[PDB]
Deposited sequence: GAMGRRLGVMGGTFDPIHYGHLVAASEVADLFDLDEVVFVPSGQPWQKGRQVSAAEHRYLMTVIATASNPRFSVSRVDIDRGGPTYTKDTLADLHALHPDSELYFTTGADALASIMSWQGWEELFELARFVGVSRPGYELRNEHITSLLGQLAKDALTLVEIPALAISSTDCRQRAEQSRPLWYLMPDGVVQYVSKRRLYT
């Protein structure tokens, strides 16, 4: 990008992924001049990992600057962000890494050397380490699961392909 090789790392459970996440990634990419945003579904932080992976693949497929990595899922065991960053650094060693996730998740992970590996960006609804406010994050995976539980439509909260994956695999019923 304009500020050198930079890579977003969008950590999350994504159960399900939705337009709030996609908007957040898109915004964070623009603000920090990122070349790409790798979505990394957590292995073990909840639907099976293959579902969360495929929903993320379906959702990001059409964007040339988004991709999905299985590094946390394929590692096995609990998911640590130091391992995610190590793996992604090994793949893109000439890029500066920008780890992006929900601000609340980011408030907990800091319970040290993580800052040697990456810059951290916390996203939330409004109200080194940077906080970015995203109005579309009023959409949440919790509402999405409840709507699916109650048989209410998910249209326009997420890509059609993800609306259909959730319905076809009966994910939250």
{"property": "Deposited positions without coordinates, collected into consecutive stretches in sequence order", "result": "46-51, 118-121, 138-155"}
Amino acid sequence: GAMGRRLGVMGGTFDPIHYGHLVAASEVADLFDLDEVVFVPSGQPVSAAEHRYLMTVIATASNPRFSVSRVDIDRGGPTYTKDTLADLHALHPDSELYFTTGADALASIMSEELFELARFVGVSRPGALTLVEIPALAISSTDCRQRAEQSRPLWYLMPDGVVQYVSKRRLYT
From here on, numbers count along this sequence of modelled residues.
query: Entry-level comparison of average CA B-factors, 114-122 and 66-74, reporting the higher stretch; finding: 114-122
query: Mean C-alpha temperature factor, higher of 99-107 and 82-90; finding: 99-107
query: Of the residues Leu31, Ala148, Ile139, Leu129, the one carrying the largest Cα B-factor as recorded; finding: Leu129
query: Entry-reported Cα temperature factor of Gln44, expressed as the chain third it lands in; finding: highest
